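Scroll down for the structure; my scribbles are underneath it.
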Amino acid sequence: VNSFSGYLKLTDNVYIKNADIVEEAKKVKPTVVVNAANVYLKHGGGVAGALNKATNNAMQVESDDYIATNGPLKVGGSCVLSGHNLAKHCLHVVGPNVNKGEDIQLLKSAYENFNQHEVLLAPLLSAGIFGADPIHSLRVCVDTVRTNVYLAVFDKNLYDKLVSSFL
Ligand SMILES: O=C(O)C[C@H](NC(=O)c1ncnc2[nH]ccc12)c1ccc(F)cc1
């Protein structure tokens with residue numbers, strides 16, 4: 001038993017809620033919150049800008065040190081950093097950004113990173129301003145992630161569409 005509230009069950013291992021992921025993180029303090037990052041960990045907008053703002057820019061400061069030491073991530077890759085005031089850890093996961101012309105085929109690889117963690121609070125990878133089809137992304141999530149994932153969807157209309165179309 002865990003401490004997430006009001007989530008809708010989709011499969012053996014995936015739940016979903018129309019909620020602000022920052023507020024879900026501040027309430028639950030999960031072991032892992034997932035960020036929808038880019039390879040440079042430049043947290044400008046979307047999930048990343050929202051999470052980083054909630055950390056008072058501490059996420060960005062930590063991320064800049066990470067990049068200075070290690071270089072950029074791969075599209076499809078991830079790194080574990082601090083969750084700051086939001087979670088124990090933040091799993092920064094790079095899905096493909098279709099508005100950058102990146103390969104949507106790497107979405108499955110991106111979701112595979114979730115399998116290294118027993119329980120995660122996460123956004124829908126590559127959706128929103130990342131420009132991929134959100135129905136497709138939820139499908140890839142359910143067909144790839146085997147650990148327990150709690151998906152938080154900001155946009156109400158998107159949430160309603162995702163639930164009503166889910167197979
Ligand atoms: O769930 C959604 O609507 C889409 C989601 N966006 C957000 O979660 C979001 N965007 C802007 N400001 C925000 N503030 C608090 C949350 C938040 C998203 C998912 C994958 C991405 F690669 C990029 C965005």
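The first residue in the sequence is number 1, and the count goes up from there.
The CG atom of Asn148 lies 8.0 Å from the CD atom of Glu118; values are rounded to the nearest 0.5 Å. Expressed to the nearest 0.5 Å, how far OG of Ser63 lies from CG of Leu81 amounts to 5.5 Å. Annotation: the span from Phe166 atom CZ to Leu8 atom CG amounts to 9.5 Å, rounded to 0.5 Å. To the nearest 0.5 Å, atom CG of residue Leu124 and atom CD1 of residue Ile16 are 6.5 Å apart. With values rounded to the nearest 0.5 angstrom, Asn97 atom CG is found 12.5 Å from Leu106 atom CG. For the atom pair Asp65 CG and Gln60 CD, the distance stands at 11.5 Å (nearest 0.5 Å).
Closest of all the heavy-atom pairs between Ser137 and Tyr111 is OG-OH, 2.9 Å. Taking both residues in full, the closest heavy atoms of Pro30 and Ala25 are given as CD-O, 3.7 Å, listed atom of the first, atom of the second, then distance. The two residues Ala127 and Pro134 come nearest to each other via the heavy atoms CB-CB, 4.1 Å. For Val28 against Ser3, the heavy-atom pair with the smallest separation is CG2-O, 3.6 Å. Across all non-hydrogen atoms, the minimal contact from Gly76 to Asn113 is O-ND2, 2.9 Å.
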Discussion item. One pair to check against ring-ring contact (aromatic ring centres under 6.0 Å, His included): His43 and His92. What are the steps and the verdict?
Written reply: CA-CA 10 Å; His43 308 304; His92 295 272; 5.2 Å; yes

Item to complete: Run the numbers on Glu112 and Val145 for side-chain contact (heavy atoms from CB on, under 4.5 Å), then give the verdict.
Response: CA-CA 6 Å; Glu112 286 170 345; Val145 183; over 6 Å; no

Worksheet entry | Test side-chain contact (heavy atoms from CB on, under 4.5 Å) applied to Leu107 and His136, step by step | CA-CA 10 Å; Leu107 187 55; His136 171 71; 4.0 Å; yes

Worksheet item: What's the verdict on side-chain contact (heavy atoms from CB on, under 4.5 Å) for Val75 and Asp103, showing C-alpha distance, side-chain angles and the deciding distance?
Response: CA-CA 9 Å; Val75 180; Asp103 186 5; over 6 Å; no

Worksheet item: Taking it one step at a time, do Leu138 and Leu10 satisfy side-chain contact (heavy atoms from CB on, under 4.5 Å)?
Response: CA-CA 10 Å; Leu138 179 55; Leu10 304 175; 4.0 Å; yes

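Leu73 places a side-chain heavy atom less than 4.5 Å from the side chain of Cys79. For the pair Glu62 and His84, the minimum side-chain heavy-atom distance is below 4.5 Å. Within the 4.5 Å cutoff, no side-chain heavy atoms of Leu151 are placed close to those of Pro123. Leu41 is not listed as a side-chain neighbour of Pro72, based on a closest heavy-atom distance of 4.5 Å or more. At a threshold of 4.5 Å between non-hydrogen side-chain atoms, the residues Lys29 and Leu86 do not count as touching.
Between the side chain of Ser164 and the main chain of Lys161, a donor-acceptor pair closer than 3.5 Å is present. The closest donor-acceptor contact from the side chain of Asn56 to the backbone of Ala58 lies at 3.5 Å or more, if one exists at all. Between the side chain of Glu24 and the main chain of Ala152, no donor-acceptor pair closer than 3.5 Å is present. Listed for the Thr31 side chain is no donor-acceptor partner under 3.5 Å among the backbone atoms of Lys88. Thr55 places a side-chain N or O within 3.5 Å of a backbone atom of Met59 that can act as its donor or acceptor partner. Judged by distance alone, with hydrogens and angles left aside, the side-chain atoms of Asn99 form a donor-acceptor pair with the main-chain N or O of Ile129 at under 3.5 Å. For the pair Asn115 (side chain) and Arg146 (backbone), a donor-acceptor distance under 3.5 Å is present. Side chain of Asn13 to backbone of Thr147: a donor-acceptor contact under 3.5 angstrom is found. Checked by atom type and distance alone, the side chain of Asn35 never pairs as donor or acceptor with a backbone atom of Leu51 at under 3.5 Å. Judged by distance alone, the side chain of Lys156 and the main-chain N or O of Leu158 form no donor-acceptor pair under 3.5 Å.
Among the candidates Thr144, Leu125, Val32, the single residue satisfying the side-chain contact (heavy atoms from CB on, under 4.5 Å) test with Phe114 is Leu125.
Cluster annotation: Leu91 is not connected to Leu121 through the hydrophobic network of ILVMFWY side chains, with a link wherever side-chain heavy atoms come within less than 4.5 Å. Residues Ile135 and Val163 share a single hydrophobic cluster, defined by chaining ILVMFWY side chains whose heavy atoms lie under 4.5 Å apart. Taking hydrophobic clusters as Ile, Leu, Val, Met, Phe, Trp and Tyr residues chained together by side-chain heavy-atom distances below 4.5 Å, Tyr15 does not share a cluster with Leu162. Under a hydrophobic-cluster definition in which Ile, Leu, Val, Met, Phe, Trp and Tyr are linked whenever side-chain heavy atoms come within less than 4.5 Å, directly or via other members, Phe130 and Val93 are assigned to different clusters. Connection of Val94 to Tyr40 is established within a shared hydrophobic cluster, with ILVMFWY side chains joined at heavy-atom distances below 4.5 Å, either directly or through further cluster members.
Heavy-atom contacts from other residues, nucleotides or ligands closer than 6.0 Å to CD of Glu23 number more than 12. Heavy-atom neighbours of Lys42 NZ from other residues, nucleotides or ligands within 6.0 Å: at or below the threshold of 12. Heavy-atom neighbours of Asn70 CG from other residues, nucleotides or ligands within 6.0 Å: above the threshold of 12. Heavy-atom neighbours of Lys27 NZ from other residues, nucleotides or ligands within 6.0 Å: above the threshold of 12.
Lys17 and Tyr7 share no side-chain donor-acceptor pair at under 3.5 Å. Side-chain contact, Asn2 with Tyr150: a donor N or O sits under 3.5 Å from an acceptor N or O.
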